[PDB]
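Have a look at target_36.tsv below; it lists TSV, N, CA and C atoms.
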chain	number	residue	atom	x	y	z
L	4	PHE	N	0.81	-1.22	0.00
L	4	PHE	CA	0.00	0.00	0.00
L	4	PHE	C	0.85	1.28	0.00
L	5	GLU	N	0.42	2.26	-0.80
L	5	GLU	CA	1.11	3.54	-0.89
L	5	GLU	C	0.62	4.46	0.22
L	6	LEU	N	1.49	4.69	1.20
L	6	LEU	CA	1.15	5.53	2.33
L	6	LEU	C	0.88	6.97	1.91
L	7	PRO	N	-0.13	7.61	2.51
L	7	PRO	CA	-0.32	9.07	2.42
L	7	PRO	C	0.74	9.78	3.25
L	8	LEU	N	1.01	11.06	3.00
L	8	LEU	CA	1.89	11.81	3.89
L	8	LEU	C	1.30	11.80	5.29
L	9	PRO	N	2.16	11.78	6.32
L	9	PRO	CA	1.69	11.87	7.69
L	9	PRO	C	1.01	13.21	7.93
L	10	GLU	N	0.11	13.27	8.91
L	10	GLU	CA	-0.59	14.51	9.26
L	10	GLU	C	0.39	15.65	9.49
L	11	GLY	N	0.14	16.79	8.85
L	11	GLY	CA	0.94	17.97	9.10
L	11	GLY	C	2.04	18.17	8.07
L	12	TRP	N	2.20	17.19	7.19
L	12	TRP	CA	3.19	17.28	6.13
L	12	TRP	C	2.53	17.63	4.82
L	13	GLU	N	3.26	18.34	3.97
L	13	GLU	CA	2.72	18.77	2.71
L	13	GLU	C	3.80	18.69	1.65
L	14	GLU	N	3.46	18.16	0.48
L	14	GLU	CA	4.40	18.13	-0.63
L	14	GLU	C	4.39	19.50	-1.31
L	15	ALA	N	5.56	19.96	-1.76
L	15	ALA	CA	5.65	21.27	-2.39
L	15	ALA	C	6.69	21.24	-3.50
L	16	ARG	N	6.74	22.31	-4.28
L	16	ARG	CA	7.72	22.48	-5.37
L	16	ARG	C	8.51	23.76	-5.15
L	17	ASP	N	9.83	23.70	-5.36
L	17	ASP	CA	10.62	24.92	-5.23
L	17	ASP	C	10.58	25.71	-6.53
L	18	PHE	N	11.34	26.81	-6.57
L	18	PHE	CA	11.24	27.76	-7.68
L	18	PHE	C	11.66	27.10	-8.98
L	19	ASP	N	12.51	26.08	-8.86
L	19	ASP	CA	12.93	25.29	-10.01
L	19	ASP	C	12.03	24.06	-10.31
L	20	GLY	N	10.93	23.90	-9.57
L	20	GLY	CA	10.07	22.75	-9.78
L	20	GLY	C	10.51	21.45	-9.10
L	21	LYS	N	11.49	21.53	-8.20
L	21	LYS	CA	11.95	20.34	-7.47
L	21	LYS	C	11.02	20.07	-6.28
L	22	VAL	N	10.63	18.80	-6.10
L	22	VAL	CA	9.74	18.45	-5.00
L	22	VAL	C	10.45	18.53	-3.66
L	23	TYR	N	9.78	19.10	-2.66
L	23	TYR	CA	10.29	19.02	-1.30
L	23	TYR	C	9.09	18.90	-0.37
L	24	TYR	N	9.35	18.75	0.93
L	24	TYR	CA	8.30	18.45	1.88
L	24	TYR	C	8.31	19.48	3.00
L	25	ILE	N	7.11	19.90	3.36
L	25	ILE	CA	6.90	20.87	4.42
L	25	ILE	C	6.29	20.18	5.64
L	26	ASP	N	6.92	20.36	6.79
L	26	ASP	CA	6.42	19.82	8.06
L	26	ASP	C	5.83	20.97	8.88
L	27	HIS	N	4.50	21.10	8.87
L	27	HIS	CA	3.84	22.22	9.53
L	27	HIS	C	3.83	22.12	11.05
L	28	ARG	N	3.93	20.90	11.57
L	28	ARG	CA	3.97	20.72	13.01
L	28	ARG	C	5.26	21.29	13.57
L	29	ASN	N	6.37	21.07	12.86
L	29	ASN	CA	7.66	21.55	13.33
L	29	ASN	C	8.17	22.79	12.62
L	30	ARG	N	7.33	23.35	11.75
L	30	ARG	CA	7.65	24.57	10.99
L	30	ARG	C	8.99	24.43	10.29
L	31	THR	N	9.17	23.31	9.59
L	31	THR	CA	10.44	23.05	8.93
L	31	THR	C	10.21	22.50	7.54
L	32	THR	N	11.29	22.36	6.77
L	32	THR	CA	11.19	21.79	5.43
L	32	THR	C	12.30	20.78	5.23
L	33	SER	N	12.13	19.91	4.25
L	33	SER	CA	13.13	18.86	4.01
L	33	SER	C	13.08	18.36	2.58
L	34	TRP	N	14.23	17.94	2.06
L	34	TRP	CA	14.24	17.27	0.76
L	34	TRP	C	13.75	15.81	0.92
L	35	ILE	N	13.68	15.35	2.15
L	35	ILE	CA	13.41	13.93	2.41
L	35	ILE	C	11.92	13.67	2.62
L	36	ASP	N	11.37	12.82	1.77
L	36	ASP	CA	10.01	12.32	1.98
L	36	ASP	C	9.92	11.69	3.37
L	37	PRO	N	9.04	12.20	4.23
L	37	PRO	CA	9.03	11.60	5.58
L	37	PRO	C	8.62	10.12	5.58
L	38	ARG	N	8.04	9.65	4.48
L	38	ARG	CA	7.67	8.24	4.41
L	38	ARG	C	8.92	7.37	4.19
L	39	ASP	N	10.02	7.99	3.78
L	39	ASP	CA	11.28	7.26	3.60
L	39	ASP	C	11.74	6.58	4.90
L	40	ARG	N	11.32	7.11	6.05
L	40	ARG	CA	11.69	6.51	7.33
L	40	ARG	C	11.17	5.07	7.43
L	41	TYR	N	10.10	4.76	6.70
L	41	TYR	CA	9.57	3.40	6.69
L	41	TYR	C	9.99	2.58	5.51
L	42	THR	N	10.41	3.22	4.43
L	42	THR	CA	10.58	2.46	3.19
L	42	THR	C	12.01	2.41	2.69
L	43	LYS	N	12.86	3.23	3.29
L	43	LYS	CA	14.26	3.20	2.92
L	43	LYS	C	15.08	2.55	4.01
L	44	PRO	N	16.14	1.86	3.61
L	44	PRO	CA	17.04	1.27	4.60
L	44	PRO	C	17.66	2.34	5.49
L	45	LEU	N	17.88	2.02	6.75
L	45	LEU	CA	18.42	3.00	7.69
L	45	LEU	C	19.89	3.30	7.41
L	46	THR	N	20.65	2.29	7.01
L	46	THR	CA	22.07	2.44	6.71
L	46	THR	C	22.40	1.62	5.49
L	47	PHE	N	23.66	1.64	5.06
L	47	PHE	CA	24.07	0.86	3.88
L	47	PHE	C	24.12	-0.64	4.17
L	48	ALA	N	23.94	-1.01	5.44
L	48	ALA	CA	23.95	-2.41	5.87
L	48	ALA	C	22.53	-2.97	6.00
L	49	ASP	N	21.55	-2.07	6.13
L	49	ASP	CA	20.15	-2.42	6.33
L	49	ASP	C	19.47	-2.94	5.05
L	50	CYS	N	18.43	-3.74	5.20
L	50	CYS	CA	17.64	-4.19	4.06
L	50	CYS	C	16.17	-4.24	4.48
L	51	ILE	N	15.32	-3.46	3.81
L	51	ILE	CA	13.93	-3.36	4.24
L	51	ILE	C	13.22	-4.71	4.11
L	52	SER	N	13.39	-5.38	2.98
L	52	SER	CA	12.71	-6.65	2.77
L	52	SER	C	13.24	-7.75	3.70
L	53	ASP	N	12.32	-8.48	4.32
L	53	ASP	CA	12.68	-9.59	5.20
L	53	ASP	C	12.60	-10.93	4.46
L	54	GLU	N	12.39	-10.87	3.14
L	54	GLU	CA	12.20	-12.10	2.35
L	54	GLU	C	13.39	-13.04	2.50
L	55	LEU	N	13.07	-14.32	2.66
L	55	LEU	CA	14.05	-15.39	2.79
L	55	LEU	C	14.85	-15.55	1.52
L	56	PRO	N	16.12	-15.97	1.65
L	56	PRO	CA	16.97	-16.19	0.47
L	56	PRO	C	16.55	-17.38	-0.37
L	57	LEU	N	17.06	-17.40	-1.60
L	57	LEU	CA	16.78	-18.44	-2.57
L	57	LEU	C	16.82	-19.82	-1.94
L	58	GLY	N	15.72	-20.54	-2.10
L	58	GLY	CA	15.63	-21.93	-1.68
L	58	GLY	C	15.02	-22.13	-0.31
L	59	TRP	N	14.82	-21.04	0.42
L	59	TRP	CA	14.21	-21.16	1.73
L	59	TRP	C	12.69	-20.89	1.67
L	60	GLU	N	11.93	-21.58	2.52
L	60	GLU	CA	10.49	-21.50	2.53
L	60	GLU	C	9.96	-21.49	3.97
L	61	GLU	N	9.08	-20.54	4.27
L	61	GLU	CA	8.37	-20.49	5.55
L	61	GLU	C	7.29	-21.57	5.54
L	62	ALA	N	7.14	-22.28	6.66
L	62	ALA	CA	6.15	-23.33	6.74
L	62	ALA	C	5.54	-23.38	8.14
L	63	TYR	N	4.44	-24.12	8.24
L	63	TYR	CA	3.67	-24.19	9.47
L	63	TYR	C	3.13	-25.59	9.75
L	64	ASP	N	3.22	-25.96	11.03
L	64	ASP	CA	2.64	-27.22	11.53
L	64	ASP	C	1.83	-26.94	12.78
L	65	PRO	N	0.60	-27.48	12.85
L	65	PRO	CA	-0.29	-27.18	13.97
L	65	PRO	C	0.28	-27.56	15.35
L	66	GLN	N	1.25	-28.48	15.43
L	66	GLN	CA	1.93	-28.76	16.72
L	66	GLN	C	3.26	-28.07	16.94
L	67	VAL	N	4.08	-27.98	15.91
L	67	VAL	CA	5.41	-27.39	16.07
L	67	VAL	C	5.31	-25.87	15.98
L	68	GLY	N	4.38	-25.40	15.16
L	68	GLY	CA	4.24	-23.97	14.89
L	68	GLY	C	4.99	-23.62	13.62
L	69	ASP	N	5.47	-22.38	13.55
L	69	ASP	CA	6.21	-21.90	12.38
L	69	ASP	C	7.54	-22.63	12.32
L	70	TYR	N	7.94	-23.05	11.13
L	70	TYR	CA	9.30	-23.55	10.98
L	70	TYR	C	9.75	-23.20	9.56
L	71	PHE	N	10.92	-23.67	9.17
L	71	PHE	CA	11.53	-23.23	7.93
L	71	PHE	C	12.09	-24.41	7.16
L	72	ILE	N	11.99	-24.35	5.84
L	72	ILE	CA	12.47	-25.42	4.98
L	72	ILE	C	13.58	-24.87	4.11
L	73	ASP	N	14.73	-25.55	4.12
L	73	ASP	CA	15.83	-25.23	3.22
L	73	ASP	C	15.87	-26.23	2.07
L	74	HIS	N	15.35	-25.83	0.92
L	74	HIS	CA	15.35	-26.69	-0.25
L	74	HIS	C	16.76	-26.84	-0.82
L	75	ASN	N	17.67	-25.95	-0.41
L	75	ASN	CA	19.05	-26.08	-0.88
L	75	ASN	C	19.72	-27.33	-0.32
L	76	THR	N	19.51	-27.58	0.97
L	76	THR	CA	20.15	-28.69	1.65
L	76	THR	C	19.19	-29.85	1.93
L	77	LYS	N	17.93	-29.70	1.52
L	77	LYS	CA	16.87	-30.67	1.83
L	77	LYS	C	16.77	-30.91	3.34
L	78	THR	N	16.70	-29.83	4.10
L	78	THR	CA	16.57	-29.93	5.55
L	78	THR	C	15.45	-29.01	6.02
L	79	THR	N	15.02	-29.17	7.26
L	79	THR	CA	14.07	-28.26	7.90
L	79	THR	C	14.62	-27.84	9.25
L	80	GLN	N	14.17	-26.71	9.77
L	80	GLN	CA	14.57	-26.29	11.12
L	80	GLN	C	13.51	-25.39	11.74
L	81	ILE	N	13.48	-25.33	13.07
L	81	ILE	CA	12.49	-24.50	13.76
L	81	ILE	C	12.98	-23.04	13.81
L	82	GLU	N	14.27	-22.85	14.07
L	82	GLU	CA	14.79	-21.49	14.22
L	82	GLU	C	14.79	-20.71	12.90
L	83	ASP	N	14.38	-19.46	13.00
L	83	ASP	CA	14.41	-18.54	11.88
L	83	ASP	C	15.86	-18.36	11.42
L	84	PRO	N	16.18	-18.80	10.19
L	84	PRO	CA	17.57	-18.75	9.73
L	84	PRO	C	18.08	-17.30	9.57
L	85	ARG	N	17.17	-16.34	9.49
L	85	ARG	CA	17.55	-14.93	9.44
L	85	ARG	C	18.09	-14.51	10.81
L	86	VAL	N	17.39	-14.93	11.87
L	86	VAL	CA	17.79	-14.66	13.25
L	86	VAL	C	19.11	-15.37	13.55
L	87	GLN	N	19.18	-16.63	13.13
L	87	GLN	CA	20.37	-17.43	13.31
L	87	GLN	C	21.59	-16.77	12.68
L	88	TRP	N	21.42	-16.27	11.47
L	88	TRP	CA	22.55	-15.65	10.80
L	88	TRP	C	23.01	-14.38	11.52
L	89	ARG	N	22.06	-13.59	12.01
L	89	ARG	CA	22.38	-12.34	12.70
L	89	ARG	C	23.15	-12.64	13.98
L	90	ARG	N	22.70	-13.67	14.69
L	90	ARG	CA	23.28	-14.04	15.96
L	90	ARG	C	24.69	-14.60	15.74
L	91	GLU	N	24.93	-15.26	14.61
L	91	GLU	CA	26.28	-15.74	14.36
L	91	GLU	C	27.19	-14.57	14.04
L	92	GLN	N	26.64	-13.52	13.43
L	92	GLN	CA	27.39	-12.28	13.26
L	92	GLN	C	27.72	-11.68	14.62
L	93	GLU	N	26.69	-11.56	15.45
L	93	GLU	CA	26.81	-10.96	16.76
L	93	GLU	C	27.82	-11.71	17.66
L	94	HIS	N	27.79	-13.04	17.60
L	94	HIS	CA	28.65	-13.90	18.41
L	94	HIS	C	30.11	-13.75	18.04
L	95	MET	N	30.37	-13.54	16.76
L	95	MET	CA	31.76	-13.39	16.30
L	95	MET	C	32.34	-12.06	16.78
L	96	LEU	N	31.51	-11.03	16.77
L	96	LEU	CA	31.95	-9.73	17.24
L	96	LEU	C	32.17	-9.77	18.75
L	97	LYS	N	31.26	-10.39	19.48
L	97	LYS	CA	31.38	-10.44	20.93
L	97	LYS	C	32.57	-11.28	21.37
L	98	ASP	N	32.78	-12.41	20.69
L	98	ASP	CA	33.91	-13.27	20.99
L	98	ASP	C	35.20	-12.46	20.85
L	99	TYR	N	35.27	-11.66	19.79
L	99	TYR	CA	36.44	-10.82	19.62
L	99	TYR	C	36.62	-9.80	20.75
L	100	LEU	N	35.54	-9.14	21.18
L	100	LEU	CA	35.65	-8.21	22.32
L	100	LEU	C	36.33	-8.90	23.48
L	101	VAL	N	35.85	-10.10	23.82
L	101	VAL	CA	36.37	-10.82	24.97
L	101	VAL	C	37.84	-11.21	24.78
L	102	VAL	N	38.16	-11.73	23.60
L	102	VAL	CA	39.53	-12.15	23.33
L	102	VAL	C	40.51	-10.98	23.34
L	103	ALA	N	40.13	-9.91	22.66
L	103	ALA	CA	40.96	-8.71	22.54
L	103	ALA	C	41.16	-8.04	23.88
L	104	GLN	N	40.08	-7.92	24.64
L	104	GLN	CA	40.17	-7.31	25.96
L	104	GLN	C	41.09	-8.11	26.87
L	105	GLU	N	40.96	-9.43	26.83
L	105	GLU	CA	41.78	-10.30	27.66
L	105	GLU	C	43.27	-10.14	27.26
L	106	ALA	N	43.53	-10.08	25.96
L	106	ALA	CA	44.88	-9.91	25.46
L	106	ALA	C	45.46	-8.59	25.92
L	107	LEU	N	44.70	-7.52	25.76
L	107	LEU	CA	45.19	-6.21	26.15
L	107	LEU	C	45.46	-6.12	27.65
L	108	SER	N	44.58	-6.71	28.46
L	108	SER	CA	44.78	-6.66	29.90
L	108	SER	C	45.99	-7.52	30.30
L	109	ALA	N	46.21	-8.65	29.63
L	109	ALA	CA	47.39	-9.47	29.94
L	109	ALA	C	48.67	-8.72	29.58
L	110	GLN	N	48.68	-8.08	28.42
L	110	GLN	CA	49.83	-7.30	27.98
L	110	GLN	C	50.16	-6.22	29.01
L	111	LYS	N	49.13	-5.60	29.59
L	111	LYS	CA	49.35	-4.50	30.52
L	111	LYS	C	49.76	-5.00	31.91
L	112	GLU	N	49.29	-6.18	32.31
L	112	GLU	CA	49.70	-6.76	33.59
L	112	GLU	C	51.17	-7.17	33.52
L	113	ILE	N	51.62	-7.58	32.34
L	113	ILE	CA	53.03	-7.90	32.17
L	113	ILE	C	53.92	-6.66	32.14
L	114	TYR	N	53.56	-5.68	31.31
L	114	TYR	CA	54.34	-4.45	31.15
L	114	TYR	C	54.54	-3.73	32.47
L	115	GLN	N	53.53	-3.81	33.34
L	115	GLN	CA	53.57	-3.11	34.62
L	115	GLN	C	54.60	-3.67	35.59
L	116	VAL	N	54.55	-4.98	35.80
L	116	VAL	CA	55.28	-5.60	36.89
L	116	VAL	C	56.73	-5.90	36.47
L	117	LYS	N	57.12	-5.45	35.28
L	117	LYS	CA	58.54	-5.45	34.96
L	117	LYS	C	59.29	-4.48	35.87
L	118	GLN	N	58.62	-3.40	36.28
L	118	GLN	CA	59.19	-2.46	37.23
L	118	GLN	C	58.82	-2.81	38.68
L	119	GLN	N	57.91	-3.75	38.85
L	119	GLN	CA	57.55	-4.18	40.19
L	119	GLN	C	57.94	-5.62	40.49
L	120	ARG	N	58.78	-6.22	39.64
L	120	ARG	CA	59.49	-7.44	39.97
L	120	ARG	C	60.36	-6.97	41.12
L	121	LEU	N	60.22	-7.60	42.27
L	121	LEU	CA	60.65	-7.01	43.52
L	121	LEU	C	60.39	-7.96	44.66
T	277	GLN	N	34.43	17.87	-2.18
T	277	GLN	CA	33.26	17.61	-3.02
T	277	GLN	C	33.07	18.73	-4.03
T	278	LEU	N	32.62	18.40	-5.24
T	278	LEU	CA	32.64	19.38	-6.31
T	278	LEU	C	31.27	20.01	-6.54
T	279	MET	N	30.20	19.37	-6.07
T	279	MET	CA	28.88	19.98	-6.22
T	279	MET	C	28.49	20.58	-4.86
T	280	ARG	N	28.03	21.82	-4.83
T	280	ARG	CA	27.71	22.47	-3.55
T	280	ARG	C	26.35	21.97	-3.03
T	281	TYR	N	26.25	21.72	-1.73
T	281	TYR	CA	24.98	21.25	-1.18
T	281	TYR	C	23.88	22.32	-1.32
T	282	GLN	N	22.75	21.97	-1.93
T	282	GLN	CA	21.61	22.90	-2.05
T	282	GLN	C	20.56	22.69	-0.95
T	283	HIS	N	20.34	23.69	-0.10
T	283	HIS	CA	19.31	23.57	0.94
T	283	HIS	C	17.90	23.71	0.38
T	284	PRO	N	16.89	23.11	1.06
T	284	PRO	CA	15.51	23.26	0.57
T	284	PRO	C	15.00	24.67	0.88
T	285	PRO	N	13.92	25.14	0.23
T	285	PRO	CA	13.33	26.43	0.60
T	285	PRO	C	13.01	26.52	2.08
T	286	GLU	N	13.16	27.71	2.64
T	286	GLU	CA	12.78	27.91	4.04
T	286	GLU	C	11.29	27.67	4.21
T	287	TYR	N	10.89	27.29	5.41
T	287	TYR	CA	9.48	27.17	5.75
T	287	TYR	C	8.77	28.49	5.49
T	288	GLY	N	7.55	28.41	4.95
T	288	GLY	CA	6.78	29.62	4.71
T	288	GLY	C	6.90	30.28	3.34
T	289	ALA	N	7.43	29.56	2.35
T	289	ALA	CA	7.53	30.12	0.99
T	289	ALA	C	6.14	30.33	0.39
T	290	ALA	N	6.10	31.09	-0.71
T	290	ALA	CA	4.85	31.39	-1.42
T	290	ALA	C	4.06	30.15	-1.89
T	291	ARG	N	2.74	30.21	-1.73
T	291	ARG	CA	1.84	29.13	-2.13
T	291	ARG	C	1.07	29.47	-3.40
Translate this structure into structure tokens?
Amino acid sequence: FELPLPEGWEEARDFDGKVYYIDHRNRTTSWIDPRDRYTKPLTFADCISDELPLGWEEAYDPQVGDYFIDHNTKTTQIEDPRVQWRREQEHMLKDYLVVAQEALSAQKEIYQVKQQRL
Amino acid sequence: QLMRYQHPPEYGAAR
């Protein structure tokens, strides 16, 4: 569905005929369609569509509930593979925080007590 | 950058 502008917003044209948007609630103007907040990715890493990748299929069973089918590997799983993938990203970053922090603290405990070997 | 940033019209332009 094509959203209408939010209440208080108005589409306008500048002296050159370029479209811009007027926000009457905040008495401001913008080149940015305020509907872009819902339809454009937030960053270059974001993706608005949640559609599953090639070969994956959402499925349902009255006892198990929602689950997922991977036609690529001929397997099924309960966990959302999108969530799984994100968490494996997250886990790799967190593992590094822990490893790096431990390394840095060990390096500093050594550097210190070279003058406190005593 | 070689193109200058163009700001939108101020609030309250002619209708």
*asked:* For a quick test of understanding: name the residues of chain L lying within 8 Å of chain T when counting only C-alpha atoms, and present them as a list in words.
replied: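 In the required form, that comes to residues 17, 23, 25, 30, 31, 32, 33 and 34 of chain L.
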*How many Å separate CA of residue 14 in chain L from atom C of residue 37 in chain L?*
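Between CA of residue 14 in chain L and atom C of residue 37 in chain L the gap is 11.0 Å.
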*Expressed in Å to a single decimal, how great is the separation between CA of residue 28 in chain L and CA of residue 8 in chain L?*
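Atom-to-atom, CA of residue 28 in chain L to CA of residue 8 in chain L, that is 12.9 Å.
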*What is the atom C of residue 82 in chain L to atom N of residue 69 in chain L distance in Å?*
9.5 Å
*Which residues, written as a PyMOL selection string, have at least one atom at most 6.5 Å from residue 72 in chain L, with all atoms listed in the file counted and residues fewer than 6 positions away on the same chain left out?*
chain L and resi 58-62+78-80
*Mind checking DSSP for chain L and telling me the strand (DSSP E or B) residues as number ranges by chain?*
L: 12-16, 22-26, 31-33, 59-64, 68-73, 78-80
Where in range 19-119 of chain L does DSSP assign alpha helix (DSSP H), given as a short mmCIF file (atom, residue, chain, number, x, y, z; two decimals) with N, CA and C atoms, keeping the file's coordinate frame?
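What follows is the written file part_39.cif:
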data_model
loop_
_atom_site.label_atom_id
_atom_site.label_comp_id
_atom_site.auth_asym_id
_atom_site.auth_seq_id
_atom_site.Cartn_x
_atom_site.Cartn_y
_atom_site.Cartn_z
N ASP L 39 10.02 7.99 3.78
CA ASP L 39 11.28 7.26 3.60
C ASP L 39 11.74 6.58 4.90
N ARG L 40 11.32 7.11 6.05
CA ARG L 40 11.69 6.51 7.33
C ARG L 40 11.17 5.07 7.43
N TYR L 41 10.10 4.76 6.70
CA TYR L 41 9.57 3.40 6.69
C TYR L 41 9.99 2.58 5.51
N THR L 42 10.41 3.22 4.43
CA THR L 42 10.58 2.46 3.19
C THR L 42 12.01 2.41 2.69
N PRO L 84 16.18 -18.80 10.19
CA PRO L 84 17.57 -18.75 9.73
C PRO L 84 18.08 -17.30 9.57
N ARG L 85 17.17 -16.34 9.49
CA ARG L 85 17.55 -14.93 9.44
C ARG L 85 18.09 -14.51 10.81
N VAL L 86 17.39 -14.93 11.87
CA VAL L 86 17.79 -14.66 13.25
C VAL L 86 19.11 -15.37 13.55
N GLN L 87 19.18 -16.63 13.13
CA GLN L 87 20.37 -17.43 13.31
C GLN L 87 21.59 -16.77 12.68
N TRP L 88 21.42 -16.27 11.47
CA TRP L 88 22.55 -15.65 10.80
C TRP L 88 23.01 -14.38 11.52
N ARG L 89 22.06 -13.59 12.01
CA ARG L 89 22.38 -12.34 12.70
C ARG L 89 23.15 -12.64 13.98
N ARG L 90 22.70 -13.67 14.69
CA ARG L 90 23.28 -14.04 15.96
C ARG L 90 24.69 -14.60 15.74
N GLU L 91 24.93 -15.26 14.61
CA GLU L 91 26.28 -15.74 14.36
C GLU L 91 27.19 -14.57 14.04
N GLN L 92 26.64 -13.52 13.43
CA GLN L 92 27.39 -12.28 13.26
C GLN L 92 27.72 -11.68 14.62
N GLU L 93 26.69 -11.56 15.45
CA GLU L 93 26.81 -10.96 16.76
C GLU L 93 27.82 -11.71 17.66
N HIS L 94 27.79 -13.04 17.60
CA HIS L 94 28.65 -13.90 18.41
C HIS L 94 30.11 -13.75 18.04
N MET L 95 30.37 -13.54 16.76
CA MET L 95 31.76 -13.39 16.30
C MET L 95 32.34 -12.06 16.78
N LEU L 96 31.51 -11.03 16.77
CA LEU L 96 31.95 -9.73 17.24
C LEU L 96 32.17 -9.77 18.75
N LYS L 97 31.26 -10.39 19.48
CA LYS L 97 31.38 -10.44 20.93
C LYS L 97 32.57 -11.28 21.37
N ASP L 98 32.78 -12.41 20.69
CA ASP L 98 33.91 -13.27 20.99
C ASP L 98 35.20 -12.46 20.85
N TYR L 99 35.27 -11.66 19.79
CA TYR L 99 36.44 -10.82 19.62
C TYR L 99 36.62 -9.80 20.75
N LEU L 100 35.54 -9.14 21.18
CA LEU L 100 35.65 -8.21 22.32
C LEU L 100 36.33 -8.90 23.48
N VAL L 101 35.85 -10.10 23.82
CA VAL L 101 36.37 -10.82 24.97
C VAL L 101 37.84 -11.21 24.78
N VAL L 102 38.16 -11.73 23.60
CA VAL L 102 39.53 -12.15 23.33
C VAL L 102 40.51 -10.98 23.34
N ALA L 103 40.13 -9.91 22.66
CA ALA L 103 40.96 -8.71 22.54
C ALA L 103 41.16 -8.04 23.88
N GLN L 104 40.08 -7.92 24.64
CA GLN L 104 40.17 -7.31 25.96
C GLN L 104 41.09 -8.11 26.87
N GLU L 105 40.96 -9.43 26.83
CA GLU L 105 41.78 -10.30 27.66
C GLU L 105 43.27 -10.14 27.26
N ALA L 106 43.53 -10.08 25.96
CA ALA L 106 44.88 -9.91 25.46
C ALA L 106 45.46 -8.59 25.92
N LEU L 107 44.70 -7.52 25.76
CA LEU L 107 45.19 -6.21 26.15
C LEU L 107 45.46 -6.12 27.65
N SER L 108 44.58 -6.71 28.46
CA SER L 108 44.78 -6.66 29.90
C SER L 108 45.99 -7.52 30.30
N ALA L 109 46.21 -8.65 29.63
CA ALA L 109 47.39 -9.47 29.94
C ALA L 109 48.67 -8.72 29.58
N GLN L 110 48.68 -8.08 28.42
CA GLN L 110 49.83 -7.30 27.98
C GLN L 110 50.16 -6.22 29.01
N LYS L 111 49.13 -5.60 29.59
CA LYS L 111 49.35 -4.50 30.52
C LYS L 111 49.76 -5.00 31.91
N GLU L 112 49.29 -6.18 32.31
CA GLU L 112 49.70 -6.76 33.59
C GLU L 112 51.17 -7.17 33.52
N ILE L 113 51.62 -7.58 32.34
CA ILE L 113 53.03 -7.90 32.17
C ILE L 113 53.92 -6.66 32.14
N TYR L 114 53.56 -5.68 31.31
CA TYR L 114 54.34 -4.45 31.15
C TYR L 114 54.54 -3.73 32.47
N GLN L 115 53.53 -3.81 33.34
CA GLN L 115 53.57 -3.11 34.62
C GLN L 115 54.60 -3.67 35.59
N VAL L 116 54.55 -4.98 35.80
CA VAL L 116 55.28 -5.60 36.89
C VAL L 116 56.73 -5.90 36.47
#
